[PDB]
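To keep things clear, I will list the structure first and then write my remarks on it.
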Amino acid sequence: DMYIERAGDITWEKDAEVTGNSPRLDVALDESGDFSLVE
Amino acid sequence: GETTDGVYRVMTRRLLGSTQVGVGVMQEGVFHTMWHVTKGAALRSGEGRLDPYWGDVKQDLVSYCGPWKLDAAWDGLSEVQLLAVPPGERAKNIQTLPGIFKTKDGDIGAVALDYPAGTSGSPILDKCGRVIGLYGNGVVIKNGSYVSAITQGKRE
Ligand SMILES: CC(=O)Nc1ccncc1C
């Protein structure tokens with residue numbers, strides 16, 4: 001039995017931690033909703 | 001149950017203790033999450049029940065109580081924020097410049113941020129605070145790191 005619990009408001013935060021890169025990837029999406037890399 | 005707009009954890013007591021299986025968005029009386037988080041099962045909110053209304057395994061999305069309401073899109077240029085809600089941890093905003101998933105059916109924004117599987121369904125926001133998609137369906141690249149699509153549904 002699944003249940004939900006509130007975790008916060010949805011708002012943009014100024015001075016949030018800025019991280020992560022921006023990779024451009026060739027991908028395929030199958031009928032089961034799974035992404036895979038195309039190489 | 002609680003119907004206030006915001007971000008919510010999706011929990012289960014079926015396993016050991018209380019386990020966070022994912023996250024979702026409550027907006028305009030509709031609960032939005034990824035299909036792989038709930039597998040389309042009913043949800044509880046206090047004494048109330050949330051029944052699935054729309055879902056699609058290939059998009060990996062599901063809405064409860066009403067049709068999908070989120071329709072903002074990444075502009076293809078600006079940084080966005082993942083409002084990550086990790087299991088047992090406080091909601092935290094992380095800013096990033098999305099990359100791209102190139103597919104035979106068009107291009108999709110992608111966020112190269114690595115969080116536990118139970119963080120799936122956390123919202124990705126633009127600078128106006130609008131939800132442009134949900135985090136949690138992606139791929140594991142060469143170096144073992146995780147890259148999620150910015151998955152968004154259609155507002156009918
Ligand atoms: C199934 C899924 O999306 N899980 C995952 C795997 C590895 N790293 C992060 C995440 C969110």
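The way I read the labels, and the way they are meant: chains A, B, ... in the order of the structure tokens, residue 1 as the first residue of every chain, and ligand 1 as the first ligand shown, with later ones counted on from there.
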
Can you check which parts of chain A lie within 12 Å of ligand 1? Per residue, the shortest pair of atoms and distance in Å to one decimal, counting only C-alpha atoms and all ligand atoms, sorted by chain and number, as JSON lines.
{"residue": "A:33", "atom": "CA", "partner": "ligand 1", "partner_atom_place_in_ligand_line": "1 (C)", "distance": 11.1}
{"residue": "A:34", "atom": "CA", "partner": "ligand 1", "partner_atom_place_in_ligand_line": "1 (C)", "distance": 9.3}
{"residue": "A:35", "atom": "CA", "partner": "ligand 1", "partner_atom_place_in_ligand_line": "3 (O)", "distance": 10.3}

Residues from the last selection, N, CA and C atoms, saved as a short mmCIF file (atom, residue, chain, number, x, y, z; two decimals), in the first residue's frame:
data_model
loop_
_atom_site.label_atom_id
_atom_site.label_comp_id
_atom_site.auth_asym_id
_atom_site.auth_seq_id
_atom_site.Cartn_x
_atom_site.Cartn_y
_atom_site.Cartn_z
N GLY A 33 9.56 1.70 -22.35
CA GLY A 33 9.95 2.97 -21.72
C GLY A 33 11.37 2.98 -21.20
N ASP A 34 12.23 2.07 -21.69
CA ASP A 34 13.64 2.07 -21.28
C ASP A 34 14.49 2.75 -22.35
N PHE A 35 15.31 3.72 -21.92
CA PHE A 35 16.26 4.38 -22.79
C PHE A 35 17.53 3.55 -22.89
#

Show me which bits of chain B are within 8 Å of chain A, counting only C-alpha atoms, as a VMD selection string. chain B and resid 5 to 14 38 41 to 46 57 to 60 81 83 85 90 to 91 93 to 104 110 to 113 125 to 130 137 to 139 141

In terms of only C-alpha atoms, the residue from B:74, B:146, B:115, B:68 at minimal distance from residue 133 in chain B is B:74

Output as number ranges by chain all residues of range 28-116 of chain B that backbone DSSP marks as strand (DSSP E or B). B: 30-33, 43-45, 48-50, 52-56, 61-64, 80-84, 92-96, 99-103, 106-111

Only N, CA, C and O atoms, please: the residues just picked out, written as a short mmCIF file (atom, residue, chain, number, x, y, z; two decimals), in the first residue's frame.
data_model
loop_
_atom_site.label_atom_id
_atom_site.label_comp_id
_atom_site.auth_asym_id
_atom_site.auth_seq_id
_atom_site.Cartn_x
_atom_site.Cartn_y
_atom_site.Cartn_z
N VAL B 30 -4.23 17.42 -9.10
CA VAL B 30 -3.76 16.21 -9.78
C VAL B 30 -2.34 15.83 -9.30
O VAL B 30 -1.48 16.72 -9.15
N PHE B 31 -2.12 14.52 -9.02
CA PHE B 31 -0.82 14.03 -8.57
C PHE B 31 -0.10 13.42 -9.75
O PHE B 31 -0.66 12.58 -10.44
N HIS B 32 1.10 13.87 -10.00
CA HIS B 32 1.88 13.48 -11.18
C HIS B 32 3.15 12.77 -10.72
O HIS B 32 3.90 13.31 -9.92
N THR B 33 3.42 11.58 -11.28
CA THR B 33 4.67 10.86 -10.96
C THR B 33 5.10 10.03 -12.18
O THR B 33 4.49 10.14 -13.27
N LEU B 43 -3.04 5.14 -4.54
CA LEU B 43 -2.20 5.74 -3.52
C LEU B 43 -3.09 6.22 -2.36
O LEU B 43 -4.26 6.55 -2.55
N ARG B 44 -2.52 6.29 -1.18
CA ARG B 44 -3.18 6.81 -0.01
C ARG B 44 -2.58 8.21 0.31
O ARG B 44 -1.39 8.44 0.10
N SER B 45 -3.42 9.14 0.80
CA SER B 45 -2.99 10.47 1.26
C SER B 45 -3.80 10.70 2.53
O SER B 45 -4.97 11.04 2.45
N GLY B 48 -7.59 9.59 2.75
CA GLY B 48 -8.07 9.62 1.38
C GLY B 48 -7.34 8.71 0.42
O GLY B 48 -6.24 8.21 0.70
N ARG B 49 -7.97 8.46 -0.73
CA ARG B 49 -7.43 7.58 -1.76
C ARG B 49 -7.25 8.38 -3.08
O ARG B 49 -8.06 9.24 -3.41
N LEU B 50 -6.18 8.10 -3.82
CA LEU B 50 -5.92 8.71 -5.11
C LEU B 50 -5.96 7.59 -6.12
O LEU B 50 -5.20 6.62 -5.99
N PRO B 52 -5.58 6.21 -10.10
CA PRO B 52 -4.97 6.59 -11.38
C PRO B 52 -6.02 7.05 -12.38
O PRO B 52 -7.18 6.58 -12.36
N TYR B 53 -5.64 7.98 -13.23
CA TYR B 53 -6.56 8.57 -14.20
C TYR B 53 -6.00 8.41 -15.63
O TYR B 53 -6.74 8.07 -16.57
N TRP B 54 -4.69 8.64 -15.78
CA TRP B 54 -4.02 8.46 -17.06
C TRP B 54 -2.63 7.90 -16.79
O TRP B 54 -1.96 8.29 -15.84
N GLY B 55 -2.16 7.08 -17.70
CA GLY B 55 -0.80 6.56 -17.60
C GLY B 55 -0.34 5.98 -18.92
O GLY B 55 -1.16 5.55 -19.72
N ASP B 56 0.98 5.93 -19.07
CA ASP B 56 1.59 5.42 -20.29
C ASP B 56 3.00 4.89 -19.95
O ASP B 56 3.88 5.65 -19.55
N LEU B 61 5.02 7.82 -17.46
CA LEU B 61 4.32 8.83 -16.67
C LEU B 61 2.93 8.34 -16.21
O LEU B 61 2.31 7.48 -16.87
N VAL B 62 2.43 8.94 -15.11
CA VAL B 62 1.08 8.59 -14.62
C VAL B 62 0.51 9.81 -13.88
O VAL B 62 1.26 10.55 -13.22
N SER B 63 -0.79 10.03 -14.00
CA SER B 63 -1.47 11.10 -13.26
C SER B 63 -2.61 10.45 -12.44
O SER B 63 -3.26 9.47 -12.87
N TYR B 64 -2.94 11.08 -11.29
CA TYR B 64 -3.99 10.59 -10.35
C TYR B 64 -5.02 11.71 -10.10
O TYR B 64 -4.61 12.87 -9.95
N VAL B 80 18.38 25.03 -15.39
CA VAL B 80 17.13 24.62 -14.74
C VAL B 80 17.50 24.14 -13.33
O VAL B 80 18.69 24.11 -12.97
N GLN B 81 16.49 23.80 -12.50
CA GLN B 81 16.77 23.26 -11.20
C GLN B 81 16.08 21.92 -11.03
O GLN B 81 14.90 21.82 -11.28
N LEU B 82 16.82 20.92 -10.53
CA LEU B 82 16.20 19.68 -10.09
C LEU B 82 15.84 19.94 -8.60
O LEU B 82 16.70 20.33 -7.79
N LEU B 83 14.56 19.79 -8.27
CA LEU B 83 14.13 19.91 -6.89
C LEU B 83 14.16 18.48 -6.41
O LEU B 83 13.15 17.76 -6.47
N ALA B 84 15.39 18.04 -6.03
CA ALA B 84 15.60 16.67 -5.58
C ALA B 84 15.00 16.40 -4.23
O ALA B 84 15.25 17.17 -3.30
N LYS B 92 15.98 19.53 -1.78
CA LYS B 92 17.13 20.40 -2.09
C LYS B 92 17.11 20.76 -3.57
O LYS B 92 16.84 19.89 -4.42
N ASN B 93 17.34 22.04 -3.90
CA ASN B 93 17.39 22.50 -5.29
C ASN B 93 18.79 22.42 -5.81
O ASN B 93 19.73 22.91 -5.16
N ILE B 94 18.97 21.85 -7.00
CA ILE B 94 20.26 21.74 -7.65
C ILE B 94 20.16 22.35 -9.02
O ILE B 94 19.34 21.90 -9.83
N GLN B 95 21.02 23.34 -9.33
CA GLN B 95 21.01 24.02 -10.63
C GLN B 95 21.97 23.39 -11.62
O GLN B 95 23.09 23.04 -11.26
N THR B 96 21.54 23.24 -12.88
CA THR B 96 22.35 22.59 -13.89
C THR B 96 21.99 23.05 -15.30
O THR B 96 20.87 23.51 -15.53
N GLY B 99 21.86 18.77 -20.79
CA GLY B 99 22.40 18.22 -22.01
C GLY B 99 21.22 17.82 -22.90
O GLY B 99 20.07 18.24 -22.65
N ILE B 100 21.46 16.98 -23.93
CA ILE B 100 20.41 16.57 -24.86
C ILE B 100 20.41 15.08 -25.10
O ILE B 100 21.47 14.51 -25.38
N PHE B 101 19.23 14.46 -25.16
CA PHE B 101 19.04 13.10 -25.65
C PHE B 101 18.58 13.30 -27.11
O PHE B 101 17.51 13.87 -27.33
N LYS B 102 19.34 12.80 -28.10
CA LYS B 102 18.96 12.88 -29.50
C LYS B 102 18.32 11.56 -29.86
O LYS B 102 18.96 10.52 -29.68
N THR B 103 17.08 11.57 -30.34
CA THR B 103 16.40 10.34 -30.71
C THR B 103 15.90 10.42 -32.16
O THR B 103 15.81 11.52 -32.72
N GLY B 106 13.11 13.05 -32.42
CA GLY B 106 13.35 14.38 -31.90
C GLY B 106 14.23 14.42 -30.66
O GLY B 106 14.57 13.38 -30.08
N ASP B 107 14.62 15.61 -30.27
CA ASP B 107 15.52 15.81 -29.14
C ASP B 107 14.79 16.16 -27.84
O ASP B 107 13.75 16.80 -27.86
N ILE B 108 15.34 15.70 -26.72
CA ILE B 108 14.79 15.89 -25.38
C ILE B 108 15.91 16.43 -24.48
O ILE B 108 17.04 15.95 -24.58
N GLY B 109 15.61 17.37 -23.60
CA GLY B 109 16.59 17.84 -22.61
C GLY B 109 16.95 16.71 -21.66
O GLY B 109 16.16 15.78 -21.48
N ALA B 110 18.14 16.71 -21.09
CA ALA B 110 18.58 15.67 -20.18
C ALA B 110 19.40 16.27 -19.06
O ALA B 110 20.18 17.16 -19.32
N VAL B 111 19.28 15.76 -17.83
CA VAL B 111 19.99 16.27 -16.66
C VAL B 111 21.01 15.25 -16.12
O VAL B 111 20.68 14.10 -15.80
#

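Minimum distance to residue 29 in chain B across B:15, B:150, B:140, B:67 (counting only C-alpha atoms) occurs at B:67.
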
B:117, B:147, B:77, B:131: which is nearest residue 26 in chain B, counting only C-alpha atoms? B:131
